[PDB]
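Engineer: Attaching a single structure in structure tokens format; questions to follow.
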Amino acid sequence: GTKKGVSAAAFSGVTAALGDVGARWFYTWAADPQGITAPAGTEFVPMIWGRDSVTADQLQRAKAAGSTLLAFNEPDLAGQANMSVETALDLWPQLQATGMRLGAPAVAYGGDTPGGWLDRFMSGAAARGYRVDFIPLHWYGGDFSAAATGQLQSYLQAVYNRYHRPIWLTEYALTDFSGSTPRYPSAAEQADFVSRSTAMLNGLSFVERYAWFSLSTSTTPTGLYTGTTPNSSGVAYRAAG
Ligand SMILES: OC[C@H]1O[C@@H](O[C@@H]2[C@@H](O)[C@H](O[C@@H]3[C@@H](O)[C@H](O)O[C@H](CO)[C@H]3O)O[C@H](CO)[C@H]2O)[C@H](O)[C@@H](O)[C@@H]1O
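Per the authors' numbering, the sequence shown starts with residue 29, numbered consecutively.
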């Protein structure tokens, strides 16, 4: 359908790469496409990344660039938006007042955990009569076996069960962050995971959209393309339909 998207940055060849891979949507972690010209049929989704992104100017920019709005990126991490639940909720009315379909902040992990960041955000939002239309999630698997897709599915199901909001998977890949440096799968393991995970996500009715992290190897070792050339993972992602 229209589920398959990617995160992207401007690199030489990005327009070609978005069209080649069949991305129906994309985002840039910013309020506008950050210099990317989208192919026809590829929808841009703006993001309000952190506390300092919440300005009349950024919110007007976002509304001019797209119709769906993603909120803060990994507020639960000191290295990312680094925001208390209270701060996110206090800023929420400015994002709500755009009128756009509105995604929760994307937590790095523990979205299903009672008392965790997302739980306290969703409980506070309900108590304040706020609108949260969908929940975007991040998932990085450290088990590089064929079991990985079912572990991803379990997390998405858990979050769906807890808040009953449609799910977006705005970043996912196999990456183990448990050690002092990141661990990555082999190219074959990564391509097999792309195939099996996309088949799973295409069939899961409460997942509206997904986005592999990320389109370009300039962004991450789990990239799908180097310039306009897909690797075996890009090939598998293109084939996901
Ligand atoms: O909007 C105000 C705000 O902008 C922030 O800049 C963001 C970057 O934080 C963001 O970085 C992305 C990471 O969050 C993510 O994990 O990885 C990707 C890929 O490497 C990064 O792009 O990227 C967007 C797009 O360039 C920027 O707008 C500032 O960090 C923040 O201080 C400032 O308040």
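Heads up, the beta-carbon is just placed ideally off N, CA and C, and yes, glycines get one too.
For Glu-114, does the count of other Cβ atoms within 10 angstroms reach 16, so buried, or fall short, so exposed?
Structural biologist: As a position in the sequence shown, residue 114 is number 86, starting the count at 1. Exposed is the call here.
Engineer: Is DSSP giving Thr-198 helix, strand or coil here?
Structural biologist: Position 170 of the sequence shown holds residue 198. DSSP places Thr-198 in strand when its eight states are reduced to three.
Engineer: For ligand 1, is there any heavy atom lying closer than 7 angstroms to the beta carbon of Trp-145?
Structural biologist: Sequence index remark: in the sequence shown, residue 145 carries index 117 (1-based). Answer for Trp-145: no, Cβ out of range of ligand 1.
Engineer: Identify which residue in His-192, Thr-70 and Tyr-212 has its Cα closest to the Cα of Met-150.
Structural biologist: Translated into the one-based positions of the sequence shown, residue 150 becomes position 122. Out of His-192, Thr-70 and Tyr-212, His-192 has the C-alpha closest to the C-alpha of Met-150.
Engineer: Between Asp-60 and ligand 1, is the CB less than 7 angstroms from at least one heavy atom?
Structural biologist: Mapped onto the sequence shown, residue 60 falls at position 32. No; taking the cut-off as 7 angstroms, the Cβ of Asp-60 has no heavy atom of ligand 1 nearer than that.
Engineer: With a floor of 4 residues, list each alpha helix (DSSP H) that falls wholly inside the region 137-184, ordered by position along the chain.
Structural biologist: DSSP runs (the alpha helix (DSSP H)) wholly in the region 137-184: 145-156.
Engineer: Please classify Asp-85 as buried or exposed, where buried requires at least 16 other C-beta atoms within 10 Å of its C-beta.
Structural biologist: Indexing the sequence shown from 1 puts residue 85 at position 57. Classification for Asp-85: exposed.
Engineer: For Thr-203, is the classification buried or exposed, using 16 other Cβ atoms within 10 angstroms of its Cβ as the cut-off for buried?
Structural biologist: Translated into positions along the sequence shown, residue 203 becomes position 175. Classification of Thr-203: buried, given that the 10 Å Cβ count is 16 or more.
Engineer: Please list the segments of the beta strand (DSSP E) lying wholly inside the region 48-96, counting only runs of 3 or more residues, in order along the chain.
Structural biologist: Whole beta strand (DSSP E) segments, 3+ residues: 53-55.
Engineer: Could you compute how far the alpha carbon of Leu-130 sits from the alpha carbon of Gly-94?
Structural biologist: To locate residue 130, count along the sequence shown from 1; it is residue 102. To locate residue 94, count along the sequence shown from 1; it is residue 66. For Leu-130 and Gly-94, the distance between alpha carbons rounds to 12 angstroms.
Engineer: Could you check how far apart the C-beta atoms of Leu-229 and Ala-45 are, in whole angstroms? I think they sit under 8 angstroms.
Structural biologist: Numbered from its first residue, the sequence shown carries residue 229 at position 201. Numbered from its first residue, the sequence shown carries residue 45 at position 17. With 8 angstroms as the limit, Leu-229 and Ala-45 do not qualify as a contact, their Cβ atoms being about 20 angstroms apart.
Engineer: Do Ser-35 and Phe-241 have their C-beta atoms closer together than 8 angstroms?
Structural biologist: Taking the first residue of the sequence shown as 1, we reach residue 35 at position 7. Taking the first residue of the sequence shown as 1, we reach residue 241 at position 213. Yes, they are a contact pair.
Engineer: Let me check you understand the geometry: is the CB of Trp-77 closer than 7 angstroms to at least one non-hydrogen atom of ligand 1?
Structural biologist: As a first step, residue 77 must be located in the sequence shown, where it is residue number 49. Checking every heavy atom of ligand 1 against the Cβ of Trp-77, one is found closer than 7 angstroms.
Engineer: Is the beta carbon of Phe-221 sitting closer than 8 angstroms to the one on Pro-213?
Structural biologist: On the sequence shown, position 193 is the one that residue 221 refers to. On the sequence shown, position 185 is the one that residue 213 refers to. Contact flag set, yes.
Engineer: So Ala-219 is in the alpha helix (DSSP H); what residue range does that whole segment cover?
Structural biologist: Locating residue 219 in the sequence shown gives position 191, counting from the first residue. Per DSSP, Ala-219 belongs to the alpha helix (DSSP H) from 215-231.
Engineer: Among residues of its own chain, excluding the 5 on either side of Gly-207, which ones have a beta-carbon nearer than 6 angstroms to its beta-carbon?
Structural biologist: Counting from 1 along the sequence shown, the entry for residue 207 is found at position 179. So the list is empty, once near-sequence residues are dropped.
Engineer: So what's residue 271 in DSSP terms, helix, strand or just coil?
Structural biologist: Given that the chain is displayed from residue 29 to residue 269, the structure contains no residue 271 and the question cannot be resolved.
Engineer: For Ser-35, report the span of its beta strand (DSSP E) as first-last.
Structural biologist: As a first step, residue 35 must be located in the sequence shown, where it is residue number 7. Looking at the DSSP string, the run of the beta strand (DSSP E) that includes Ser-35 is 32-35.
Engineer: Look up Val-235 in the DSSP assignment and give the residues it is bridged to.
Structural biologist: Counting from one through the sequence shown, the residue named residue 235 turns up at place 207. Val-235 pairs with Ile-195.
Engineer: Excluding the 5 residues flanking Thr-83 on each side, which residues of the same chain have their C-beta closer than 6 angstroms to its C-beta?
Structural biologist: Position 55 of the sequence shown, counted from the start, is the residue given in the question as residue 83. Closer than 6 angstroms at the Cβ level, and outside the excluded window around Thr-83, lies no residue.
Engineer: Which same chain residues, not among the five before or five after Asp-140, have their C-beta less than 6 angstroms away from its C-beta?
Structural biologist: Within the sequence shown, the letter at position 112 stands for residue 140. For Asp-140, where only same-chain residues beyond five positions count, the Cβ hits under 6 angstroms are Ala-186, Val-187 and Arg-190.
Engineer: Leaving aside the five residues before and after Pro-103 along the sequence, list all residues of the same chain whose C-beta is less than 6 angstroms from its C-beta, in chain order.
Structural biologist: Here the question's residue 103 lines up with position 75 in the sequence shown. So the qualifying residues of the chain are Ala-109, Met-111, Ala-116 and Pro-133.
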